[PDB]
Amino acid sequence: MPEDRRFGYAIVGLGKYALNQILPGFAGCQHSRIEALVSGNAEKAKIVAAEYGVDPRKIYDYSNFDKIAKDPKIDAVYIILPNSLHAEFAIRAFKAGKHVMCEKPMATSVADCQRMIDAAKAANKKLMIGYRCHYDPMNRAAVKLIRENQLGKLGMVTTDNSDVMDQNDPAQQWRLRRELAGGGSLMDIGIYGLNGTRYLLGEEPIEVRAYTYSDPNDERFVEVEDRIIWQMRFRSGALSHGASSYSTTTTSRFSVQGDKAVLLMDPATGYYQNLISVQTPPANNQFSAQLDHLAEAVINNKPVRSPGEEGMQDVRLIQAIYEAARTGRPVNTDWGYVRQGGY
């Protein structure tokens, strides 16, 4: 519902996602509000502040970021910086006594994910990873009918997530630098397929195989991978195969095959219009629903559906896939992860 209030957010990094999807996302919020902005660009932030009606005194840069602990109005921070920088600021945010909303991927290494979780506990503050698909009506509906056994026993999941990378786009420049992104299309978007396969099935992969290829003559992939294909096996016996691509156009298509029916999501994880059907032989926008979820969780002191642990699980699975792709051997992933209150 429109009119917002309570929970106060500090947006960090005025980039493509922050400005195109997140800030506009408050409009449909019931508890969340843009209280402050953190940016290394005074001029840009000054323009954003005027637009969303943010008190210009609430514009911090990356150096004085920490001073936000002095403002009770700021309840949480939403980190929308490159991957490599997620950990540092989530941690600095916790030491400042704030809750953290962090975008995906959680961090560029599993150790950092853990440090983030440790810092959160230490401060007794919640850590939520920005998985919008966990609050998307369509995606939830899909998860519902699968739980209501509408597809039968699940046996084959297929996913594909792609997008052409444009080196001129500032946002896509750091995605091509290994240290900033920590990986290629898998880290960036293949993660949606990986994460969806997991919640669509309601299980964890116990084994993984992968392969990756990139045109050695393409300047975009000198450091990170363009296309990568991973195949997984689950305890239930369900199997899956998906890929990510940085050189083919927009694709967000999932498929779940059961012996009763087949589910088709496509677009499956887009920003606006997702469509899902089933073939046999009324809701707030994911962006708004996510922002207010952390608000709800904090205000009503109840668990978040996308906890730091969840973020960690994906990164760890991605490092296993990267390893499989590297050795060309199957990688054991049966390490006992357990999902909080369900997928």
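The first residue of the shown sequence is 1; numbering continues from there.
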Are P281 and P282 truly consecutive in the deposited sequence, or are residues between them missing coordinates? Give the number as none, 1 to 3, 4 to 9, or 10 or more. 10 or more
Tell me which of 285 to 293 and 300 to 308 has the higher mean C-alpha B-factor in the deposited entry. 300 to 308
236 to 244 versus 140 to 148: which one carries the higher mean Cα B factor per the record? 140 to 148
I129: CA temperature factor from the record, placed by chain third, in the lowest
Taking the chain's C-alpha temperature factors as the reference, tell me which third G97 falls into: lowest, middle or highest. highest
Binned into thirds over the chain's modelled residues, the C-alpha B-factor of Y271 lands in the middle
Looking at the C-alpha B-factor of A261, is it in the lowest, middle or highest third of its chain? highest
Taking the C-alpha B-factors as the PDB entry records them, is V38 in the lowest, middle or highest third of its chain? lowest
